[PDB]
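K.L.:
my_file_4.pdb (PDB, C-alpha atoms) pasted underneath:
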ATOM      1  CA  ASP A1302      -9.417   6.031   1.051  1.00  0.00           C
ATOM      2  CA  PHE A1303      -9.744   8.581  -1.725  1.00  0.00           C
ATOM      3  CA  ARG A1304      -8.443  11.913  -0.463  1.00  0.00           C
ATOM      4  CA  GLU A1305      -8.981  15.298  -2.098  1.00  0.00           C
ATOM      5  CA  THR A1306      -5.814  17.158  -3.074  1.00  0.00           C
ATOM      6  CA  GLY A1307      -6.875  20.592  -1.827  1.00  0.00           C
ATOM      7  CA  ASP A1308      -9.845  22.118  -0.066  1.00  0.00           C
ATOM      8  CA  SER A1309     -10.956  23.912  -3.258  1.00  0.00           C
ATOM      9  CA  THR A1310      -9.581  21.591  -5.957  1.00  0.00           C
ATOM     10  CA  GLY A1311     -11.990  18.687  -6.480  1.00  0.00           C
ATOM     11  CA  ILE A1312      -9.213  16.256  -7.479  1.00  0.00           C
ATOM     12  CA  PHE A1313      -8.829  13.071  -5.428  1.00  0.00           C
ATOM     13  CA  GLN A1314      -5.592  11.082  -5.244  1.00  0.00           C
ATOM     14  CA  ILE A1315      -4.458   7.954  -3.414  1.00  0.00           C
ATOM     15  CA  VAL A1316      -1.343   5.764  -3.400  1.00  0.00           C
ATOM     16  CA  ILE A1317      -2.064   2.121  -4.273  1.00  0.00           C
ATOM     17  CA  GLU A1318       0.380  -0.786  -4.373  1.00  0.00           C
ATOM     18  CA  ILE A1319      -0.018  -3.289  -7.210  1.00  0.00           C
ATOM     19  CA  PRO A1320      -0.863  -6.647  -5.588  1.00  0.00           C
ATOM     20  CA  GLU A1321       1.214  -9.711  -6.354  1.00  0.00           C
ATOM     21  CA  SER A1322      -1.853 -11.823  -5.492  1.00  0.00           C
ATOM     22  CA  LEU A1323      -5.508 -10.793  -5.250  1.00  0.00           C
ATOM     23  CA  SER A1324      -7.262 -13.751  -3.597  1.00  0.00           C
ATOM     24  CA  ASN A1325      -5.650 -17.224  -3.453  1.00  0.00           C
ATOM     25  CA  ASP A1326      -4.067 -16.672  -6.887  1.00  0.00           C
ATOM     26  CA  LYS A1327      -1.240 -14.620  -8.354  1.00  0.00           C
ATOM     27  CA  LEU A1328      -1.388 -11.716 -10.803  1.00  0.00           C
ATOM     28  CA  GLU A1329       0.195 -12.461 -14.167  1.00  0.00           C
ATOM     29  CA  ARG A1330       2.459 -10.461 -16.453  1.00  0.00           C
ATOM     30  CA  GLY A1331       0.695  -8.677 -19.287  1.00  0.00           C
ATOM     31  CA  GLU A1332      -2.624  -9.020 -17.475  1.00  0.00           C
ATOM     32  CA  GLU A1333      -5.412  -6.618 -18.406  1.00  0.00           C
ATOM     33  CA  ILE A1334      -6.161  -4.370 -15.417  1.00  0.00           C
ATOM     34  CA  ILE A1335      -9.535  -2.601 -15.488  1.00  0.00           C
ATOM     35  CA  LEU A1336     -10.339   0.085 -12.906  1.00  0.00           C
ATOM     36  CA  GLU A1337     -14.040   0.914 -13.243  1.00  0.00           C
ATOM     37  CA  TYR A1338     -16.137   3.101 -10.939  1.00  0.00           C
ATOM     38  CA  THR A1339     -19.777   4.188 -11.137  1.00  0.00           C
ATOM     39  CA  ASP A1340     -20.375   7.936 -10.922  1.00  0.00           C
ATOM     40  CA  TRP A1341     -24.123   7.809 -10.084  1.00  0.00           C
ATOM     41  CA  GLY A1342     -24.057  11.465 -11.133  1.00  0.00           C
ATOM     42  CA  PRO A1343     -23.070  11.718 -14.827  1.00  0.00           C
ATOM     43  CA  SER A1344     -23.671  14.765 -17.021  1.00  0.00           C
ATOM     44  CA  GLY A1345     -26.890  13.244 -18.365  1.00  0.00           C
ATOM     45  CA  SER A1346     -28.266  12.629 -14.867  1.00  0.00           C
ATOM     46  CA  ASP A1347     -30.934  15.046 -13.662  1.00  0.00           C
ATOM     47  CA  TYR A1348     -30.046  14.137 -10.066  1.00  0.00           C
ATOM     48  CA  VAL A1349     -27.953  11.682  -8.071  1.00  0.00           C
ATOM     49  CA  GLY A1350     -28.975   8.081  -8.680  1.00  0.00           C
ATOM     50  CA  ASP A1351     -30.852   8.717 -11.943  1.00  0.00           C
ATOM     51  CA  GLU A1352     -28.281   7.439 -14.466  1.00  0.00           C
ATOM     52  CA  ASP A1353     -25.916   4.564 -13.647  1.00  0.00           C
ATOM     53  CA  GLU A1354     -23.173   5.242 -16.198  1.00  0.00           C
ATOM     54  CA  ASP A1355     -19.833   3.553 -15.510  1.00  0.00           C
ATOM     55  CA  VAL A1356     -16.322   4.669 -16.468  1.00  0.00           C
ATOM     56  CA  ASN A1357     -13.277   2.394 -16.662  1.00  0.00           C
ATOM     57  CA  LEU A1358      -9.525   2.716 -17.165  1.00  0.00           C
ATOM     58  CA  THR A1359      -7.009   0.336 -18.741  1.00  0.00           C
ATOM     59  CA  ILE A1360      -3.747  -0.443 -16.932  1.00  0.00           C
ATOM     60  CA  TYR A1361      -0.896  -2.609 -18.227  1.00  0.00           C
ATOM     61  CA  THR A1362       1.582  -4.684 -16.231  1.00  0.00           C
ATOM     62  CA  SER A1363       5.306  -4.750 -16.944  1.00  0.00           C
ATOM     63  CA  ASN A1364       6.520  -7.120 -19.663  1.00  0.00           C
ATOM     64  CA  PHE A1365      10.208  -7.823 -20.257  1.00  0.00           C
ATOM     65  CA  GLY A1366      12.294 -10.639 -21.684  1.00  0.00           C
ATOM     66  CA  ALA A1367      12.992 -13.266 -19.015  1.00  0.00           C
ATOM     67  CA  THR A1368      16.146 -14.483 -20.732  1.00  0.00           C
ATOM     68  CA  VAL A1369      18.129 -17.254 -19.025  1.00  0.00           C
ATOM     69  CA  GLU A1370      21.862 -17.676 -19.629  1.00  0.00           C
ATOM     70  CA  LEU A1371      24.563 -20.084 -18.483  1.00  0.00           C
ATOM     71  CA  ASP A1372      28.254 -19.464 -17.867  1.00  0.00           C
ATOM     72  CA  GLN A1373      29.291 -22.111 -20.416  1.00  0.00           C
TER      73      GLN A1373
ATOM     74  CA  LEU B 941       9.363   7.657  21.212  1.00  0.00           C
ATOM     75  CA  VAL B 942      10.979  10.445  23.243  1.00  0.00           C
ATOM     76  CA  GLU B 943      10.949  14.132  22.348  1.00  0.00           C
ATOM     77  CA  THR B 944      14.302  15.751  21.603  1.00  0.00           C
ATOM     78  CA  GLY B 945      13.527  18.679  23.911  1.00  0.00           C
ATOM     79  CA  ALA B 946      10.786  20.312  25.938  1.00  0.00           C
ATOM     80  CA  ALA B 947       9.208  22.008  22.898  1.00  0.00           C
ATOM     81  CA  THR B 948      11.246  20.711  19.942  1.00  0.00           C
ATOM     82  CA  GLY B 949       8.329  18.703  18.558  1.00  0.00           C
ATOM     83  CA  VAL B 950      10.629  16.036  17.076  1.00  0.00           C
ATOM     84  CA  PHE B 951      10.522  12.521  18.533  1.00  0.00           C
ATOM     85  CA  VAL B 952      13.488  10.144  18.328  1.00  0.00           C
ATOM     86  CA  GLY B 953      13.270   6.394  18.865  1.00  0.00           C
ATOM     87  CA  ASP B 954      15.571   3.504  18.103  1.00  0.00           C
ATOM     88  CA  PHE B 955      16.040  -0.259  18.374  1.00  0.00           C
ATOM     89  CA  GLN B 956      18.414  -2.978  17.177  1.00  0.00           C
ATOM     90  CA  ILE B 957      17.434  -5.223  14.259  1.00  0.00           C
ATOM     91  CA  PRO B 958      17.333  -8.880  15.368  1.00  0.00           C
ATOM     92  CA  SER B 959      18.871 -11.650  13.299  1.00  0.00           C
ATOM     93  CA  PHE B 960      15.733 -13.810  13.597  1.00  0.00           C
ATOM     94  CA  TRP B 961      12.097 -12.706  13.634  1.00  0.00           C
ATOM     95  CA  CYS B 962       8.749 -14.499  13.728  1.00  0.00           C
ATOM     96  CA  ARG B 963       6.481 -13.764  10.771  1.00  0.00           C
ATOM     97  CA  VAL B 964       2.792 -13.154  11.459  1.00  0.00           C
ATOM     98  CA  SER B 965       0.706 -15.717   9.578  1.00  0.00           C
ATOM     99  CA  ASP B 966      -2.384 -13.486   9.398  1.00  0.00           C
ATOM    100  CA  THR B 967      -3.329 -10.041  10.710  1.00  0.00           C
ATOM    101  CA  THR B 968      -7.107 -10.578  10.468  1.00  0.00           C
ATOM    102  CA  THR B 969      -7.503 -11.849  14.054  1.00  0.00           C
ATOM    103  CA  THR B 970      -6.657 -10.633  17.552  1.00  0.00           C
ATOM    104  CA  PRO B 971      -4.352 -11.747  19.107  1.00  0.00           C
ATOM    105  CA  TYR B 972      -2.210 -12.267  15.993  1.00  0.00           C
ATOM    106  CA  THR B 973      -1.643 -15.839  14.825  1.00  0.00           C
ATOM    107  CA  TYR B 974       2.095 -16.261  14.295  1.00  0.00           C
ATOM    108  CA  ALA B 975       3.918 -18.619  11.960  1.00  0.00           C
ATOM    109  CA  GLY B 976       5.506 -21.746  13.386  1.00  0.00           C
ATOM    110  CA  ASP B 977       9.037 -21.048  12.135  1.00  0.00           C
ATOM    111  CA  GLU B 978      11.277 -17.992  12.254  1.00  0.00           C
ATOM    112  CA  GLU B 979      13.201 -16.551   9.316  1.00  0.00           C
ATOM    113  CA  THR B 980      16.341 -14.452   9.055  1.00  0.00           C
ATOM    114  CA  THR B 981      15.616 -10.760   8.480  1.00  0.00           C
ATOM    115  CA  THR B 982      18.500 -10.229   6.032  1.00  0.00           C
ATOM    116  CA  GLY B 983      17.426  -9.066   2.587  1.00  0.00           C
ATOM    117  CA  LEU B 984      13.901  -8.245   3.747  1.00  0.00           C
ATOM    118  CA  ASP B 985      12.793  -4.619   3.551  1.00  0.00           C
ATOM    119  CA  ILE B 986      12.220  -2.913   6.904  1.00  0.00           C
ATOM    120  CA  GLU B 987       9.426  -0.342   6.671  1.00  0.00           C
ATOM    121  CA  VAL B 988       7.955   1.966   9.303  1.00  0.00           C
ATOM    122  CA  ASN B 989       4.494   3.531   9.295  1.00  0.00           C
ATOM    123  CA  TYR B 990       3.712   6.603  11.398  1.00  0.00           C
ATOM    124  CA  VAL B 991      -0.052   7.120  11.622  1.00  0.00           C
ATOM    125  CA  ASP B 992      -0.671  10.871  11.293  1.00  0.00           C
ATOM    126  CA  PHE B 993      -3.974  11.843  12.913  1.00  0.00           C
ATOM    127  CA  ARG B 994      -3.874  15.366  11.425  1.00  0.00           C
ATOM    128  CA  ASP B 995      -2.107  16.207   8.155  1.00  0.00           C
ATOM    129  CA  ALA B 996      -1.370  19.740   6.921  1.00  0.00           C
ATOM    130  CA  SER B 997      -5.010  20.129   5.849  1.00  0.00           C
ATOM    131  CA  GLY B 998      -5.935  18.535   9.185  1.00  0.00           C
ATOM    132  CA  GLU B 999      -6.917  14.956   8.403  1.00  0.00           C
ATOM    133  CA  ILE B1000      -5.501  11.435   8.435  1.00  0.00           C
ATOM    134  CA  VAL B1001      -2.695  10.747   5.945  1.00  0.00           C
ATOM    135  CA  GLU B1002      -0.638   7.537   6.059  1.00  0.00           C
ATOM    136  CA  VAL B1003       3.101   8.257   5.738  1.00  0.00           C
ATOM    137  CA  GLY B1004       6.104   5.991   6.221  1.00  0.00           C
ATOM    138  CA  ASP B1005       9.655   5.268   5.105  1.00  0.00           C
ATOM    139  CA  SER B1006      11.404   2.248   3.601  1.00  0.00           C
ATOM    140  CA  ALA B1007      14.770   0.571   4.137  1.00  0.00           C
ATOM    141  CA  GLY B1008      16.442  -2.791   3.563  1.00  0.00           C
ATOM    142  CA  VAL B1009      18.270  -5.098   5.973  1.00  0.00           C
ATOM    143  CA  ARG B1010      21.625  -5.537   4.235  1.00  0.00           C
ATOM    144  CA  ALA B1011      23.803  -8.637   4.478  1.00  0.00           C
ATOM    145  CA  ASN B1012      27.354  -9.438   3.387  1.00  0.00           C
TER     146      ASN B1012
END
Once more with this new file: its structure as structure tokens, please.

P.N.:
Amino acid sequence: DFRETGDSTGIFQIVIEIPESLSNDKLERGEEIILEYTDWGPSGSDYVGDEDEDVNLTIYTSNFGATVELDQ
Amino acid sequence: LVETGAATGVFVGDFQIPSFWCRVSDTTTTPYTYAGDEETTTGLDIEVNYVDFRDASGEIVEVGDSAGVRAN
């Protein structure tokens, strides 16, 4: 799970492995990866659970030329 | 795992890599349901995972190491 870096830091980090397959299907090259989480506590919220603003991040997958060559 | 000394605090354990191993079909049930055919371990990556109940800050952090089964 999300783990805070230091007792008085407030920054949470975690090591995640990119899945080759999510659920009964593979993950494709160049696929758009969106990591969105709901804060429930944004700056405009008077208290927790007032505003339901969501924040997302864009992640790209590796793309390289899959060239195929023959000896002759 | 056996400790190096009375109060060393370092545990040493070892085993020999088999040529053939049985892959687990799924880990979502107990006892595990194993695949019907074995496969040669060469080329596969051998990884260990030591479950640390208390990290430096005193909580659970998952740490392990990675290695590959070479073949000639």

K.L.:
Translate the PyMOL selection byres ((chain B and resi 985) around 8), as applied to the file shown, into an explicit residue set as an mmCIF file with C-alpha atoms, in the coordinates of the input.

P.N.:
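Below is the file result_19.cif, written as the result:
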data_model
loop_
_atom_site.group_PDB
_atom_site.id
_atom_site.type_symbol
_atom_site.label_atom_id
_atom_site.label_comp_id
_atom_site.auth_asym_id
_atom_site.auth_seq_id
_atom_site.Cartn_x
_atom_site.Cartn_y
_atom_site.Cartn_z
ATOM 1 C CA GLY B 983 17.426 -9.066 2.587
ATOM 2 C CA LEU B 984 13.901 -8.245 3.747
ATOM 3 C CA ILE B 986 12.220 -2.913 6.904
ATOM 4 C CA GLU B 987 9.426 -0.342 6.671
ATOM 5 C CA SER B 1006 11.404 2.248 3.601
ATOM 6 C CA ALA B 1007 14.770 0.571 4.137
ATOM 7 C CA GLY B 1008 16.442 -2.791 3.563
ATOM 8 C CA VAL B 1009 18.270 -5.098 5.973
#

K.L.:
Find the residues around residue 982 (chain B) up to 8 Å (all atoms listed in the file counted), leave out those fewer than 4 positions away in its own chain, and share them as a list in words.

P.N.:
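Neighbouring residues, sequence-local ones excluded: residues 959, 1009, 1010 and 1011 of chain B.
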
K.L.:
Using 10 Å as the limit and counting only C-alpha atoms, can you tabulate each residue of chain B that touches chain A, with its shortest atom-to-atom distance in Å and the two atoms involved, as a tab-separated table?

P.N.:
residue	atom	partner	partner_atom	distance
B:997	CA	A:1308	CA	7.9
B:999	CA	A:1304	CA	9.5
B:1000	CA	A:1304	CA	9.4
B:1001	CA	A:1304	CA	8.7
B:1002	CA	A:1316	CA	9.6

K.L.:
Would you export the selected residues with C-alpha atoms as a short mmCIF file (atom, residue, chain, number, x, y, z; two decimals), keeping the file's coordinate frame, please?

P.N.:
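And here's result34.cif as it stands now:
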data_model
loop_
_atom_site.label_atom_id
_atom_site.label_comp_id
_atom_site.auth_asym_id
_atom_site.auth_seq_id
_atom_site.Cartn_x
_atom_site.Cartn_y
_atom_site.Cartn_z
CA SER B 997 -5.01 20.13 5.85
CA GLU B 999 -6.92 14.96 8.40
CA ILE B 1000 -5.50 11.44 8.44
CA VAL B 1001 -2.70 10.75 5.94
CA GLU B 1002 -0.64 7.54 6.06
#

K.L.:
Could the centre and edge lengths of an axis-aligned box, enclosing all atoms of region 1002-1010 of chain B in the file with 3 Å extra on each side, be given in Å to one decimal as lines of an AutoDock Vina configuration file?

P.N.:
center_x = 10.5
center_y = 1.4
center_z = 4.9
size_x = 28.3
size_y = 19.8
size_z = 8.7

K.L.:
Take CA of residue 953 (chain B) and CA of residue 976 (chain B) and report the distance between them in Å, one decimal.

P.N.:
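CA of residue 953 (chain B) sits 29.7 Å away from CA of residue 976 (chain B).
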
K.L.:
Compile the contact shell of residue 1358 (chain A) as a ChimeraX atom specification: residues with an atom at most 9 Å away, counting all atoms listed in the file, same-chain residues fewer than 6 positions apart removed.

P.N.:
/A:1334-1337

K.L.:
At what distance in Å, to one decimal, does CA of residue 980 (chain B) lie from CA of residue 964 (chain B)?

P.N.:
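Atom-to-atom, CA of residue 964 (chain B) to CA of residue 980 (chain B), that is 13.8 Å.
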
K.L.:
Excluding residue 1340 (chain A) and residues on its chain fewer than 2 positions from it, collect all residues at most 7 Å away from it, counting only C-alpha atoms, and give them as a list in words.

P.N.:
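Near neighbours after the sequence-gap exclusion: residues 1338, 1342, 1343, 1354 and 1355 of chain A.
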
K.L.:
Starting from the point (7.1, -8.8, -21.0), work out which residues of protein, DNA or RNA have an atom no more than 12 Å away when counting all atoms listed in the file; state them as a ChimeraX atom specification.

P.N.:
/A:1329-1332,1361-1368

K.L.:
For a test of reading the model, state the distance in Å between CA of residue 1312 (chain A) and CA of residue 990 (chain B), rounded to one decimal.

P.N.:
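Interatomic distance here is 24.8 Å.
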
K.L.:
List the residues matched by the PyMOL selection byres ((chain B and resi 963) around 9) in the displayed structure as a ChimeraX atom specification, ordered by chain and then by residue number.

P.N.:
/B:961-962,964-966,974-979
